[PDB]
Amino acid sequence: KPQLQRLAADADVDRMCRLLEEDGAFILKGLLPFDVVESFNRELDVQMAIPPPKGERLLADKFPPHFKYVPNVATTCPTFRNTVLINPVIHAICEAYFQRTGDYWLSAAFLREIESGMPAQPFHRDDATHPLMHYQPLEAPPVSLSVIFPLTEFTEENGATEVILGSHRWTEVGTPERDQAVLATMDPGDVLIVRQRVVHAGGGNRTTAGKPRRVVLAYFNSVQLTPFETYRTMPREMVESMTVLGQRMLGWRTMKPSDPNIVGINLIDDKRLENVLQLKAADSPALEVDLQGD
C-alpha cells in the first residue's frame, strides 16, 4: 500500500499542501528535538499527578477514573505555549492549507494517554466538536486541521494512528476494514498532519507490558469557528510573555477570515482587541524596528 510520506522540516511547503489535498495526511519527521519533547512530557506528568478535584469536570466526569487527559495544555505547559505552538513549519503549512479560508487559530490542544490493553477506536471524521462541519461539502475551503504530536513512540503494536489515504473524498465513513488504513508509526518529535474529513482511528494499544502511548492532539481551525478551549482566563503576564503569533493562536487578538469578510472577527469598539487591551507581546520590538512597519 502507498504509505504516509515523512518529510523533514525544511521540506517544500507546496508539496506538503499537495499531500494534504491528495493523500489527506503526512508526517513531519523529527520536527521537535528530543529535549523539547521531554520537557513537554515532564510538564504533562506534573498535570497528570494532580489529585482529583471535588468539582464538576465536563469531559472527565463522563469516563471511568483511569481516564488520562490534560485539557488546554497551553496554559499549564510552557514548552507547548512558547515553543511547540509557534513552530514555524507548522504555521507555514497552516497558512498554505487555510489560504482559501483566511486566518486560523487554536481550537484545542490536549493530552490523551492510551493504556496497554485498550482496543482500537472506530474509524471516524473529526466533525463532532463543530457539527456544522459535517455538512460542509468537500469543495468548500477547509476550516479545520488536525495536528497530532506523538509524545511516546507510535508503533504497530501500541496503536499508531490508522489513516485511510484519500478518504476525505469519500461521501460517508461507512464501515471500512482496518487493512484499508496505513499506520502513522513515528518517533516522539515527529508530527502527523491530517486534513479535514480524512477517515482515521486511534489504534488503541495492544502491548501487554504496561507502557502507555501518549499523544497531544491540536486542532487548528478557521477563526470563523469558536475555540473549543477558551484561553481568555490566562493571566496578562503570561499572555504578554508570548509572541504575537502565540497570542493570535490563543484568541487574544483580532483576526481576519477571508474576503468577503473585509473587516475581521473577534473585535470590540470597532477596534482590534489587542489595542483595546493594550496587549504587549514578546516579539513586538522585532516586528516594529523603524516605527513605520504599518
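Numbers for residues come from their place in the sequence shown, where the first is 1.
A.B. asks: Please work out which of 32 to 40 and 242 to 250 has the higher mean CA B-factor as recorded in the PDB entry.
C.D. replies: So the stretch with the higher mean C-alpha B-factor is 32 to 40.
A.B. asks: Would you tell me which stretch averages the higher CA B-factor in the PDB entry, 175 to 183 or 69 to 77?
C.D. replies: Stretch with the higher mean C-alpha B-factor: 175 to 183.
A.B. asks: Going by the deposited entry, which of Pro88, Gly204, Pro142, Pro150 has the highest CA temperature factor?
C.D. replies: Of the candidates given, the C-alpha B-factor peaks at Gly204.
A.B. asks: Say you rank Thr83, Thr161, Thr208, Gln196 by Cα B-factor from the PDB entry; which sits at the top?
C.D. replies: Top of the list by C-alpha B-factor: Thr208.
A.B. asks: Could you look up the Cα B-factor of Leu217 in the entry and say which third of the chain it sits in: lowest, middle or highest?
C.D. replies: Lowest third, going by the recorded CA B-factors of the chain.
A.B. asks: Using the temperature factors of the C-alpha atoms in this entry, rank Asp103 within its chain: lowest, middle or highest third.
C.D. replies: As the PDB entry reports it, the C-alpha B-factor of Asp103 lands in the lowest third of its chain.
A.B. asks: Among all modelled residues of this chain, ranked by Cα B factor, put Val13 in the bottom, middle or top third, i.e. lowest, middle or highest.
C.D. replies: Top third by C-alpha B-factor.
A.B. asks: Should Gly166 be placed in the lowest, middle or highest third of its chain by the C-alpha B factor in the entry?
C.D. replies: Middle third.
A.B. asks: Sort the modelled residues of this chain by their C-alpha B factor and say whether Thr155 lands in the lowest, middle or highest third.
C.D. replies: Tercile = highest for this residue's CA B-factor.
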